[PDB]
Number of protein chains: 2
Amino acid sequence: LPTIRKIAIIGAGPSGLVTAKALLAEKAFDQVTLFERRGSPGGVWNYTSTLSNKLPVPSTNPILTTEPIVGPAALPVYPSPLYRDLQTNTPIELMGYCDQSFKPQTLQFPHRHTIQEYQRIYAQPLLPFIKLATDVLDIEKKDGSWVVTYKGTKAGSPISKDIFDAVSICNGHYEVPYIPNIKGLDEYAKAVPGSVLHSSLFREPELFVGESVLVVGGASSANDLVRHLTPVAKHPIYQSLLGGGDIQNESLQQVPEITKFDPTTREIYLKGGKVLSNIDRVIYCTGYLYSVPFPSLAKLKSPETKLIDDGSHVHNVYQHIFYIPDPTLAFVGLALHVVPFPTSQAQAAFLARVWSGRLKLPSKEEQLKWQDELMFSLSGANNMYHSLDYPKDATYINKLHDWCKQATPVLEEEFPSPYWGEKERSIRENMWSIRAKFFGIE
Amino acid sequence: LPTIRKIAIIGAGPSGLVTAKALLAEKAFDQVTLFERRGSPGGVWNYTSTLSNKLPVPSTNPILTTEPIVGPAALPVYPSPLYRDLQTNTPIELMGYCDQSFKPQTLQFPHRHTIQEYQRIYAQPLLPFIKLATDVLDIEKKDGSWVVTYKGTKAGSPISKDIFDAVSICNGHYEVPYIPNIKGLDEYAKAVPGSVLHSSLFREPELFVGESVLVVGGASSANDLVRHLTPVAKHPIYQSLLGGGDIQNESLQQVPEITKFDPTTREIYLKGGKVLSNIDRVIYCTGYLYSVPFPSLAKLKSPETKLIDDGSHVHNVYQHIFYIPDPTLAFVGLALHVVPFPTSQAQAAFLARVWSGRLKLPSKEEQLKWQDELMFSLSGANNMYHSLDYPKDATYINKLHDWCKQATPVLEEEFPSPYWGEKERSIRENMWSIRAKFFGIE
Ligand SMILES: Cc1cc2nc3c(=O)[nH]c(=O)nc-3n(C[C@H](O)[C@H](O)[C@H](O)COP(=O)(O)OP(=O)(O)OC[C@H]3O[C@@H](n4cnc5c(N)ncnc54)[C@H](O)[C@@H]3O)c2cc1C
Ligand SMILES: Cc1cc2nc3c(=O)[nH]c(=O)nc-3n(C[C@H](O)[C@H](O)[C@H](O)COP(=O)(O)OP(=O)(O)OC[C@H]3O[C@@H](n4cnc5c(N)ncnc54)[C@H](O)[C@@H]3O)c2cc1C
Ligand SMILES: NC(=O)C1=CN([C@@H]2O[C@H](COP(=O)(O)OP(=O)(O)OC[C@H]3O[C@@H](n4cnc5c(N)ncnc54)[C@H](OP(=O)(O)O)[C@@H]3O)[C@@H](O)[C@H]2O)C=CC1
Ligand SMILES: NC(=O)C1=CN([C@@H]2O[C@H](COP(=O)(O)OP(=O)(O)OC[C@H]3O[C@@H](n4cnc5c(N)ncnc54)[C@H](OP(=O)(O)O)[C@@H]3O)[C@@H](O)[C@H]2O)C=CC1
C-alpha cells in the first residue's frame, strides 16, 4: 500500500534494532513497533546459562517451534547459542554499526561481554518502541494490510492482533538446529541422553574433561569447539569433515563424513570404511536452518510465492530483502558469511528509503531476473543463496550505500549507510588471518 | 605450622582471586590452589538466566546445601543472584582493585557486563592455579595440617582429599537466602508456587507487568527492586519496612513489617493491624546468611572455637580474617557495607604478609580482646559484626595498608595495599548521593 505509515518489526536483535533506527530516521512513519519474545533486546547477545530443553535429533524441519524454558518464578527464557568464553570472529574495525564505535582499548576480537554491552547501549533509546516478552504467532496479508498475531510471553497472556502497512522480519537464522538424518543417529541419541549435542548447547568446556569427543563440521563452530576442547577433552579430538581433512596429529584427527551410528556397538561409521568407537560426545557443529514459523507464510508453497522449503535459505527475496510478490514484507539479516551489524544496517538504510517512497525498486520482472541469475550461479547449492563471502559483501554494501545516496529529498539528518573503502576491504579479505594472528593460531 | 608452603583457597570469586595474587606475590609459597564449583572464576559476576531450583521458604538455616542445576548436556550451574539490568551501586573511582583500573569511558556505575569483563581479565592469569568445577566438601585440621575434601563437580567425579598448611575461605556470603519464619508463610508459599520470591531469584522485571507486588526489606535489594518494578508492576508497589516508612504516594506505599500470612484468605497482616490482600508477588529482599558448609567446621559449637551459629556473622575471626584458635584458617570477604574488591584486597595483602612470616599477629589474648571490644559495641546486634560502614571501612583499609608497609624484608615487587586519601574518603562518604545523582533519583 505504497504510502506506508505503520511498520511492524519482528525481532529486537541487532537486525531488528538497526532496522528500527533507520525507519524512524525517515521521519515518515507514524508507528514503528518491534516485537521480541525475549525479556530484552540484543538477540543472541543475551548469554544464557540455560540450555534448550529439547534438542531435536536429527533436525531437518525448518518450521520447528522454539520452546522456551518456563517456571513459576521467572519470565520465559529463550536460550542463546553463545558459549561462555566466546570472543568475536569479526574485528572491531568492521563489526559495529558505522555510527557507534567501540570504547577505546577494546580488544580487536572482544569477549561477548563487550558486544552484549554494545547492543545494550544501542537498544536503550528504542525500548519504548519495543513490545518485550511478546511472541509473534503469525503474519498474513488480509484485506489491504498485514495482520500480525502475537501473544504476550507470560502464562495467561491473551492472543492479540494488529495491522500494519509493512512487516520487517528480523527473526534471525541461528535458532533451529541442523542435524542431518543419519541412519541410527536418533536411536544412538535417545539411548544415552547427552551423548549427542549440537553446538547451540555448548556453554562450558569443563564438562568434557577426560571425554573422547567427535566434532562434526568444518566451519567456525567446529573449528572453535575443537580449539576450546583441546586443553580439556581426551586426546585426540575427532573431527568429521565432508570430504575428510588433512590434519592427523596427536590432539586432532580429521576424518571423513558419517554414514551411520551403530546403536548396539555404539560405533560410528565414516565414509571410507573408517570406524569410531567409545565416543563419549558427538557434537554437531553443522549449523542451522532458516525459519519462517508463521502459518500464513509457511503454507505458501508455489515457486512464485514461497518463502521457505528445506530451510537452506529464504526464497523470493529481491536483494535478500524484499518479498518479490509483495514488497511490503521484507527481511533483514539473512546474509551469510558477512559481518552482521554493518550488513544489516546497509539493508536497513536501503529498506527505509524504499518504504518511505524516497527510493523506487526496479520492476517486478527485473527483480525476478535478479533472482533467476542468482539461482543459476548457485548451481543447485541453495544453501549458498544468501552467502556474500568477500568480495560479495563489500560490493553489496557499497552498492546499497550508493543507491541510498540517490534518495530524495535530502533530509536534515540522513541515517548513515556504511561504506567499505580500500582500508576496510583489506581487513575483510584477510579477516581470518588477522583473527588467527590475534588468537595466536593456525 | 608457621612455615606455610601449601595454601588452599576456597572460592574463585573476587575475594579468592585477589587472595591468590597477594599470596603468589610473596614468592614464599610452593603451592597456591583455588577451588571453584563453578565452571569459571568471578563469583557472582557470572550472570545466570538460570534460577535456583528450590528456594527454601522460610530460610534461617545457614548450613543449607546449595543445589546446582544439572543436566546431561551441561556442566552443573550454580545460579548467581545478579539480575539482568543490574548496574553497580559502587562508583568506578573506588570499586576496582588498586592495580587494575577500568577502561576509559566506563560509566561511573557501570552495567554488570563491565564488571564481569573486569573480573574475567583479572582472573585470566590465575586459571592454571584454579581447580574449576570442583566443590569443596569439607575442611578439617587433622594431624599437623588441613585436609580439604573435594569432589569434581561432574556426575561421576570421585571424592578426593589434599592437605595444606593454610586454608583461606572466600566462599562468599550472598548465597544462602534469609527469609524470616513468619507464621503462615510456608503454607502461603506452597499453595501458590511463584507467589513468594527472594531477591536472589529476580532476573527480568517484565514478569511482573500488571502484577501487584510486595517488596519486603529496606536496603539496596529492596530499593532497587522497587525502582525496577515501578514502570511495570501494578501501582502501587508495597514495601514492608521494619518500623514502617514515610513514603505513601501513588506508585509506592511503604508499610510496617509482617506479622503473618493468612493462607485461606491469602491476606498479609502487617504490624499495626494493617492488612494486605490480592498480592500477586511477595519478594523477600531480606538479605542472606553467612555460611560455612563444611562439616568439621560447622560442628564446632563452643564459644572459643565456633565459626557459625545463626548465620548473622562468622565468629572468632581476628580483624574479620584470622580464626583466633588457629590462624592457619582465614577468611577474606566477610565485610559488610563496604566496597568489596578494595576491601578484600586490603585483607589479602595483610593475610599474605602474615602467612609468609613477614608480619606477626598480636598475641592470642590481645586478639580475643579485639573481639570482646567488638561484641560489646554491637550491643547484641550480631548481624552488624562484620559491618564497616564508612568511616569504619576507610579506617580499616588504611590500617591494613599501614601495617603491610611494616612487612620485612622489602621485596622487589610489593603486592599493593589500597589506601583511601581525602579524595577517596569523600566519595565513599557521599557514595549513595553520588549514585542517586547518577541514576537521577531520590
Ligand atoms: C555461536 C554464535 C557466535 C556468533 N559470533 C559472532 C561474532 O563474533 N560477530 C558477529 O558479528 N556475529 C556473530 N554471530 C552472529 C549473530 O547472528 C549476529 O551478531 C547478530 O545476532 C545478528 O542478529 P539478528 O537480529 O539478525 O538475529 P538474532 O540475534 O538471532 O535476533 C533475533 C531476535 O528476534 C527474536 N524473535 C525471533 N522470532 C520471534 C518471534 N516469532 N516473536 C518474537 N521475537 C522473535 C529472537 O528471540 C531474537 O531476540 C554469532 C552467532 C552465533 C550463533
Ligand atoms: C545482587 C547483588 C549485587 C551486587 N552488586 C555489587 C556492586 O555493584 N558492587 C560491588 O562492589 N559488589 C556488589 N555485590 C557484591 C559482591 O558480593 C562482590 O562484588 C563480589 O562478588 C565479592 O565476592 P567473593 O569472592 O567474596 O564472593 P562470591 O562472588 O560470592 O564468590 C564466591 C565463590 O566461591 C565459590 N564457592 C563457595 N563455596 C564453595 C565450595 N564449597 N566449593 C567450591 N566453590 C565454592 C562460589 O561458587 C563462588 O564462585 C553484589 C552482590 C549481589 C548479591
Ligand atoms: N568465535 C565466534 O564468535 C563464533 C561464531 N560463530 C558464528 O555462528 C554462525 C553459525 O556458525 P556454524 O554453526 O559453524 O555454521 P556453518 O553453517 O558455517 O557451519 C556448518 C558447517 O558444518 C559443515 N557440515 C554440515 N554437515 C556436515 C556433515 N555431515 N559432516 C561434516 N561437516 C558438515 C558444513 O559443510 P559445508 O561447508 O560443506 O556445507 C559447514 O562447514 C556463523 O555466523 C559463525 O560465524 C560460530 C562459532 C563461533
Ligand atoms: N544495584 C546493585 O548493584 C545492587 C547491589 N546489591 C548488593 O547486594 C548485597 C546484598 O543486598 P541486600 O539483599 O539488600 O542485603 P541487606 O542484608 O542489606 O538487606 C536486608 C535488609 O532487609 C531488611 N529486613 C530484614 N528483615 C526484614 C523484614 N522482616 N521486614 C522488612 N525489612 C526486613 C533489613 O533491615 P535492617 O536494616 O533493619 O536489618 C535490611 O535493610 C549488598 O552488598 C548490596 O549492596 C543488592 C541489590 C542491588
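Chain identifiers are assigned alphabetically (A, B, ...) following the order of the sequence lines, protein sequences preceding nucleic acid strands; residue numbering begins at 1 within each chain. Only this structure's heavy atoms are used, side chains among them; waters, hydrogens and symmetry mates stay out. Each ligand, and each atom within it, is numbered from 1 in the order the structure gives.
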Can you sort out which atoms of ligand 1 are near [X], meaning under 4.0 Å from one of its heavy atoms?
X: A:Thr88; value: 8 (O)
X: A:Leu82; value: 1 (C), 2 (C), 3 (C)
X: A:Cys170; value: 25 (O), 32 (C), 34 (O)
X: A:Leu86; value: 1 (C), 3 (C)
X: A:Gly172; value: 27 (O), 30 (O), 32 (C)
X: A:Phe294; value: 41 (N)

Looking at B:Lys271, I'd like to know if its NZ atom is crowded, meaning that more than 12 non-hydrogen atoms belonging to other residues, nucleotides or ligands lie closer than 6.0 Å.
no
Counting only heavy atoms not in B:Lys260 (residues, nucleotides, ligands), do more than 12 fall under 6.0 Å from its NZ?
yes
Within-shell test, [X] vs ligand 1, heavy atom, strictly < 4.0 Å:
X: A:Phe341; result: yes
X: A:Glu36; result: yes
X: A:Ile115; result: no

What residues, two or more places apart in sequence or in another chain, satisfy side chain to side chain contact (heavy atoms under 4.5 Å, CB included) together with A:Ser387?
A:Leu336, A:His337, A:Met384, A:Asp389
Holding to side chain to side chain contact (heavy atoms under 4.5 Å, CB included), I want the full list of residues that pass it with B:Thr259, two or more places apart in sequence or in another chain.
B:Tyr269
Protein heavy-atom partner closest to [atom] - residue, atom, separation in Å:
atom: atom 19 (O) of ligand 1; result: A:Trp45 NE1, 2.9 Å
atom: atom 51 (C) of ligand 1; result: A:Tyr174 CD1, 4.1 Å
atom: atom 48 (C) of ligand 1; result: A:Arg38 NH1, 3.1 Å
atom: atom 24 (P) of ligand 1; result: A:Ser15 OG, 3.5 Å

Spell out, as yes or no, whether a donor-acceptor pair under 3.5 Å connects the side chain of [X] to the backbone of [Y].
X: A:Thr134; Y: A:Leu132; result: yes
X: B:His113; Y: A:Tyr118; result: no
X: A:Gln254; Y: A:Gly245; result: no

Here the side-chain hydrogen bond (donor to acceptor under 3.5 Å, both in side chains) pairs for residues 10-21 of chain A, sequence neighbours left out, are A:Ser15-A:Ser344
Check the side chains of A:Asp138 and A:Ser296 for a donor-acceptor pair under 3.5 angstrom, ignoring hydrogens and angles.
yes
Would A:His386 and A:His320 count as having a side-chain donor-acceptor pair, cut-off 3.5 Å?
yes
Using the rule ring-ring contact (aromatic ring centres under 6.0 Å, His included), only one of B:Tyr284, B:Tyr288, B:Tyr178 pairs with B:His198; which is it?
B:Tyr288
Using heavy-atom distances only, which candidate in A:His173, A:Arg37, A:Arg112, A:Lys131 approaches atom 36 (N) of ligand 1 most closely?
A:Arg37
Nearest heavy atoms of B:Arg428 and B:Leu388, plus distance in Å:
NH2-O, 4.5 Å
Say whether A:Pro81, considering both its backbone and side-chain N or O atoms, lies within less than 3.5 Å of an N or O atom on ligand 1.
no
At a heavy-atom distance under 4.0 Å, which protein residues reach ligand 3? Sort them by chain and number, would you?
A:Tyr83, A:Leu86, A:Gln87, A:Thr88, A:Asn89, A:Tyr174, A:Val216, A:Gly217, A:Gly218, A:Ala219, A:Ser220, A:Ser221, A:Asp224, A:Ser240, A:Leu241, A:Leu242, A:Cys285, A:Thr286, A:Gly287, A:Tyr288
Side chains of A:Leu214 and A:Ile268: closer than 4.5 Å at any heavy-atom pair?
yes
